[PDB]
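**Student:** Here it is: the structure, laid out below.
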Amino acid sequence: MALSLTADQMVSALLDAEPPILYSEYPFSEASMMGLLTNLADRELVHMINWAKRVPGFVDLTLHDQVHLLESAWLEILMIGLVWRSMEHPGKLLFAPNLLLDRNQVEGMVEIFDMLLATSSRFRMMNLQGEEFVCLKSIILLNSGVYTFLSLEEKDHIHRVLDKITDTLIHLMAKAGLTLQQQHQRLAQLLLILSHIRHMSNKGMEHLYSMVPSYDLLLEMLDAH
Amino acid sequence: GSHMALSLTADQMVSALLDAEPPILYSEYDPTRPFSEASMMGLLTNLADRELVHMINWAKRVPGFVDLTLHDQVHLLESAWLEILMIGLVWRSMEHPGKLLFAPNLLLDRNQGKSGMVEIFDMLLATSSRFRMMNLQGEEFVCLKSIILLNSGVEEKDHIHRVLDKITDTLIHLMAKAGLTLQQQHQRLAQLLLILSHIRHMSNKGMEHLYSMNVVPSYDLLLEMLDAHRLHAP
Ligand SMILES: COc1cc(NC2CN(CCCF)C2)ccc1[C@@H]1c2ccc3n[nH]cc3c2C[C@@H](C)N1CC1(F)CC1
Ligand SMILES: COc1cc(NC2CN(CCCF)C2)ccc1[C@@H]1c2ccc3n[nH]cc3c2C[C@@H](C)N1CC1(F)CC1
């Protein structure tokens with residue numbers, strides 16, 4: 001079914017799969033801010049599983065492969081969502097409508113906050129569209145753990161979906177009135193930002209390991225369907 | 001005369017990048033001595049240090065890089081040096097399934113990596129295998145290596161963006177001349193750029209390994225290397 005969707009049907013399915021914007025628990029300390037962020041991330045993860053299951057082609061994968069992809073991508077997925085919703089707030093990170101944090105607001109957190117702010121500002125300068133954002137978030141889910149699977153026809157399937165999402169991005173750009181040349185330049189600029197999201201996630205994982213959703217929780221959440 | 005980076009045709013970009021290529025270096029060990037007395041970590045460290053000197057010369061020849069201030073050139077090299085070494089390795093290991101061709105006299109398998117290095121070797125092998133399956137071309141490789149240098153880490157900003165746009169145009173030109181349809185051109189471009197996020201990942205895991213053990217090039221050493229280049233013979 002996934003591979004038969006037109007570029008317009010792909011966009012519609014991705015937009016419809018979008019998770020809701022959650023609120024933080026109703027001045028802060030390092031301890032209170034860290035607690036609020038941890039709590040928010042845990043609640044967003046449950047919605048992220050529902051979203052992942054609705055990304056065309058994701059449920060065609062085995063439970064083990066779905067878990068591997070989520071284990072590799074969950075923090076990148078949270079981070080891209082954050083940078084998207086913080087676009088219209090220069091110098092601030094919109095974690096939630098009731099949790100808009102500046103750079104000044106924990107050891108090791110400042111470098112991560114600065115990188116997220118710079119990423120949000122880069123997407124704002126590129127005028128990233130909602131339809132492009134859902135494509136990029138789906139690419140992160142299918143790509144981040146693709147080159148790290150232990151053991152062939154299934155890997156080809158993920159790549160086919162990734163090619164379908166690229167086609168979808170191009171279609172969006174052609175409908176927005178970009179010339180063929182502008183289309184490949186914009187495609188490249190967006191995909192290069194995914195290397196920075198990977199980087200930020202790696203720095204974030206380092207921070208968490210120095211104080212992490214296990215394969216077991218992810219499997220139970222995916223199985224709970 | 002001197003070409004400004006943004007004025008280069010796709011053929012002139014390919015030619016400048018191919019001409020800027022560093023040489024393939026050899027590992028520095030006596031072939032008359034048993035491999036048991038060599039130290040794999042020592043050989044890799046020595047090779048990387050020698051490759052880093054050639055990398056400085058290469059970076060200075062990447063169109064648009066010398067248009068940046070010394071401070072900005074250092075920042076880009078500090079963030080990208082390991083990804084640059086890694087992409088070079090995965091390119092030259094393409095024709096050796098299951099092995100990493102560090103040098104013509106240093107072809108290492110997964111078992112030799114078992115002697116935190118095993119996870120990094122496995123990721124490099126998967127990247128090399130993916131580039132082999134995609135039939136990555138020499139001309140595409142030089143473009144990707146230059147993109148890594150300019151896109152590294154996390155108006156002068158517009159210039160980098162425009163030089164990156166020029167390199168993308170160059171990649172597309174190479175793909176169009178190879179006979180790919182506009183759609184196949186976009187798909188191949190996306191597949192190559194998505195591998196770059198995995199190369200970033202491998203470099204982050206590599207840096208973590210180095211920080212866990214003067215083994216990481218400091219901002220100061222790189223600044224000195226770029227500045228010392230001014231004193232080299234032309
Ligand atoms: C202290 O901050 C965080 C803590 C966690 N740890 C939790 C998830 N883990 C799961 C355990 C049971 F499964 C425990 C996760 C994320 C964050 C926040 C966070 C929080 C909510 C976000 N929404 N959108 C983006 C969000 C982000 C992104 C960055 C700013 N950050 C992550 C990081 F880089 C430091 C590791
Ligand atoms: C022990 O292995 C390495 C050691 C170093 N440290 C050195 C550079 N530093 C400079 C001192 C001050 F400037 C000391 C650098 C690289 C490597 C090798 C290495 C080596 C030569 C390579 N050529 N092409 C790719 C190469 C690679 C890629 C991976 C396998 N890497 C391992 C890694 F990720 C942990 C760092």
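Residue numbering restarts at 1 for every chain of the structure tokens, chains are lettered A, B, ... in their displayed order, and ligands are numbered from 1 as they appear.
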Kindly determine which residues of chain B lie within 9 Å of chain A, considering only C-alpha atoms, and give the answer as a ChimeraX atom specification.
**Tutor:** /B:122-123,126-127,130,147,151-154,161,164-166,168-169,172,182-183,185-191,193-201,204-205,208
**Student:** Step one, run DSSP on the backbone; step two, keep only residues of stretch 54-181 of chain B assigned to strand (DSSP E or B); then write them as a PyMOL selection string.
**Tutor:** chain B and resi 99-103+106-109
**Student:** Can you write just those residues out, N, CA, C and O atoms, as an mmCIF file, in the first residue's frame?
**Tutor:**
```cif
data_model
loop_
_atom_site.group_PDB
_atom_site.id
_atom_site.type_symbol
_atom_site.label_atom_id
_atom_site.label_comp_id
_atom_site.auth_asym_id
_atom_site.auth_seq_id
_atom_site.Cartn_x
_atom_site.Cartn_y
_atom_site.Cartn_z
ATOM 1 N N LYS B 99 36.736 -5.632 4.523
ATOM 2 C CA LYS B 99 38.044 -5.108 4.923
ATOM 3 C C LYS B 99 38.100 -3.602 4.810
ATOM 4 O O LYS B 99 37.422 -3.014 3.967
ATOM 5 N N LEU B 100 38.955 -2.977 5.630
ATOM 6 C CA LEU B 100 39.163 -1.530 5.554
ATOM 7 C C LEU B 100 40.592 -1.313 5.063
ATOM 8 O O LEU B 100 41.534 -1.789 5.697
ATOM 9 N N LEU B 101 40.721 -0.660 3.904
ATOM 10 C CA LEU B 101 42.002 -0.357 3.279
ATOM 11 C C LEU B 101 42.519 0.974 3.827
ATOM 12 O O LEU B 101 42.368 2.019 3.206
ATOM 13 N N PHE B 102 43.122 0.921 5.010
ATOM 14 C CA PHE B 102 43.719 2.093 5.644
ATOM 15 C C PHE B 102 44.871 2.613 4.805
ATOM 16 O O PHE B 102 45.024 3.823 4.639
ATOM 17 N N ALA B 103 45.626 1.681 4.210
ATOM 18 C CA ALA B 103 46.766 1.955 3.340
ATOM 19 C C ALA B 103 46.961 0.737 2.438
ATOM 20 O O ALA B 103 46.516 -0.345 2.824
ATOM 21 N N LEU B 106 48.128 -1.837 4.558
ATOM 22 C CA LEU B 106 47.386 -1.965 5.813
ATOM 23 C C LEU B 106 45.907 -2.193 5.527
ATOM 24 O O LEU B 106 45.119 -1.250 5.537
ATOM 25 N N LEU B 107 45.562 -3.446 5.202
ATOM 26 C CA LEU B 107 44.185 -3.863 4.902
ATOM 27 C C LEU B 107 43.730 -4.697 6.091
ATOM 28 O O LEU B 107 44.267 -5.790 6.307
ATOM 29 N N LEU B 108 42.814 -4.141 6.913
ATOM 30 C CA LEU B 108 42.354 -4.735 8.163
ATOM 31 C C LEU B 108 40.939 -5.273 8.126
ATOM 32 O O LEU B 108 40.026 -4.597 7.643
ATOM 33 N N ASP B 109 40.750 -6.474 8.689
ATOM 34 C CA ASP B 109 39.415 -7.075 8.779
ATOM 35 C C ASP B 109 38.758 -6.742 10.124
ATOM 36 O O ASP B 109 39.400 -6.144 10.994
#
```
**Student:** Identify, on the basis of only C-alpha atoms, every residue whose closest approach to residue B:64 does not exceed 9 Å; exclude the query and any residue fewer than 6 positions from it along the same chain; express the result as a ChimeraX atom specification.
**Tutor:** /B:4-6,159-160,163
**Student:** Could you tell me how far atom CA of residue B:116 lies from atom CA of residue B:209, in Å and to one decimal?
**Tutor:**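 Calculated distance between atom CA of residue B:116 and atom CA of residue B:209 is 6.8 Å.
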**Student:** Please identify the residues whose atoms come within 6 Å of ligand 1, using only C-alpha atoms and all ligand atoms, and report them as a CSV table (one decimal) with N, CA, C and O atoms, in the first residue's frame.
**Tutor:**
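So pocket-v9.csv came out as:
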```csv
chain,number,residue,atom,x,y,z
A,34,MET,N,15.1,20.3,34.4
A,34,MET,CA,15.5,19.0,33.9
A,34,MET,C,14.3,18.0,34.1
A,34,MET,O,14.1,17.2,33.1
A,37,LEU,N,11.6,18.7,31.4
A,37,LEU,CA,12.0,18.3,30.1
A,37,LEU,C,11.9,16.8,30.0
A,37,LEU,O,11.4,16.3,29.0
A,38,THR,N,12.4,16.0,31.0
A,38,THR,CA,12.3,14.6,31.1
A,38,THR,C,10.9,14.1,31.0
A,38,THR,O,10.6,13.2,30.1
A,40,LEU,N,8.2,15.7,29.8
A,40,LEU,CA,7.7,16.1,28.5
A,40,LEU,C,8.1,15.1,27.4
A,40,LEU,O,7.3,14.6,26.7
A,41,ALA,N,9.4,14.8,27.4
A,41,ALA,CA,10.0,13.8,26.5
A,41,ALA,C,9.3,12.4,26.6
A,41,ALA,O,9.0,11.8,25.6
A,42,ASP,N,9.1,12.0,27.8
A,42,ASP,CA,8.5,10.7,28.1
A,42,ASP,C,7.0,10.6,27.5
A,42,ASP,O,6.6,9.6,26.9
A,78,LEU,N,12.5,14.0,18.3
A,78,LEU,CA,12.1,15.0,19.3
A,78,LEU,C,12.7,16.3,18.9
A,78,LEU,O,12.1,17.4,18.9
A,79,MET,N,14.1,16.3,18.6
A,79,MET,CA,14.8,17.5,18.3
A,79,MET,C,14.3,18.2,17.0
A,79,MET,O,14.2,19.4,17.0
A,81,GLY,N,11.3,18.1,15.8
A,81,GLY,CA,10.0,18.6,16.2
A,81,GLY,C,10.1,19.9,17.0
A,81,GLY,O,9.4,20.9,16.7
A,82,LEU,N,11.1,20.0,17.9
A,82,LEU,CA,11.4,21.1,18.7
A,82,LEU,C,11.9,22.3,17.9
A,82,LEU,O,11.3,23.4,18.0
A,95,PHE,N,9.5,24.3,23.9
A,95,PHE,CA,9.3,22.9,24.3
A,95,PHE,C,7.9,22.5,24.4
A,95,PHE,O,7.5,21.5,24.0
A,201,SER,N,21.7,15.0,18.3
A,201,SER,CA,21.3,13.8,19.0
A,201,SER,C,22.4,13.0,19.7
A,201,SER,O,22.3,12.6,20.8
A,204,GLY,N,23.4,14.8,22.7
A,204,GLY,CA,22.3,14.6,23.7
A,204,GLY,C,22.4,13.3,24.4
A,204,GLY,O,22.3,13.2,25.6
A,205,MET,N,22.7,12.2,23.6
A,205,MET,CA,22.9,10.8,24.1
A,205,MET,C,24.0,10.7,25.1
A,205,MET,O,23.9,10.1,26.1
A,207,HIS,N,25.2,13.2,26.9
A,207,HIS,CA,24.7,13.9,28.1
A,207,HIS,C,23.8,12.9,29.0
A,207,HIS,O,24.1,12.8,30.2
A,208,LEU,N,22.9,12.2,28.4
A,208,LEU,CA,22.0,11.2,29.1
A,208,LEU,C,22.9,10.0,29.7
A,208,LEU,O,22.6,9.6,30.8
A,212,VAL,N,17.9,6.6,29.2
A,212,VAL,CA,17.9,6.3,27.8
A,212,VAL,C,16.8,5.2,27.6
A,212,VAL,O,16.8,4.2,28.2
A,213,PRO,N,15.9,5.4,26.6
A,213,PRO,CA,14.9,4.4,26.3
A,213,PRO,C,15.5,3.1,25.8
A,213,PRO,O,16.1,3.1,24.8
```
**Student:** Tell me, as a VMD selection string, which residues lie within 6 Å of stretch 46-56 of chain A, counting only C-alpha atoms; anything in the same chain fewer than 3 positions away does not count.
**Tutor:** chain A and resid 2 17 19 43 59
**Student:** What residues of the protein or nucleic acid chains come within 8 Å of ligand 2 when you use only C-alpha atoms and all ligand atoms? Reply as a PyMOL selection string.
**Tutor:** chain B and resi 40-49+51-52+82+84-90+102-103+117+120-121+124+202-203+205-210+214-218+221-222
**Student:** Give me the residues within 9 Å of residue A:31 as a count of residues only, counting only C-alpha atoms and dropping any in the same chain fewer than 4 places off.
**Tutor:** 3
**Student:** Work out how far apart atom CA of residue A:173 and atom CA of residue B:175 are and give it in Å to one decimal.
**Tutor:**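 Those two atoms sit 20.1 Å apart.
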**Student:** Could you tell me which of A:9, A:62, A:120, A:179 comes closest to residue A:85 if we count only C-alpha atoms?
**Tutor:** A:120
**Student:** From a backbone DSSP assignment, name each residue in stretch 131-196 of chain A labelled helix (DSSP H, G or I), as a ChimeraX atom specification.
**Tutor:** /A:131-143,146-148,153-175,180-196
**Student:** Using Å and a single decimal, report how far atom CA of residue B:184 sits from atom CA of residue B:137.
**Tutor:**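 Separating atom CA of residue B:137 from atom CA of residue B:184 is a distance of 15.5 Å.
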**Student:** With a distance cut-off of 9 Å and only C-alpha atoms, select the neighbouring residues of residue A:222, excluding the residue or stretch itself and same-chain residues fewer than 3 positions from it, and output the selection as a VMD selection string.
**Tutor:** chain A and resid 49 to 50 53 63 66 to 67 217 to 219 225
**Student:** Which polymer residues have any atom within 7 Å of an atom of residue B:128, counting only C-alpha atoms, with same-chain residues fewer than 5 positions away left out, as a CSV table (one decimal) with C-alpha atoms, in the first residue's frame?
**Tutor:**
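Saved result, result07.csv, follows:
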```
chain,number,residue,atom,x,y,z
B,90,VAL,CA,35.3,4.1,3.0
B,91,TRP,CA,36.0,5.2,-0.7
B,93,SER,CA,37.8,0.2,0.9
B,94,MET,CA,34.9,-0.1,-1.6
```
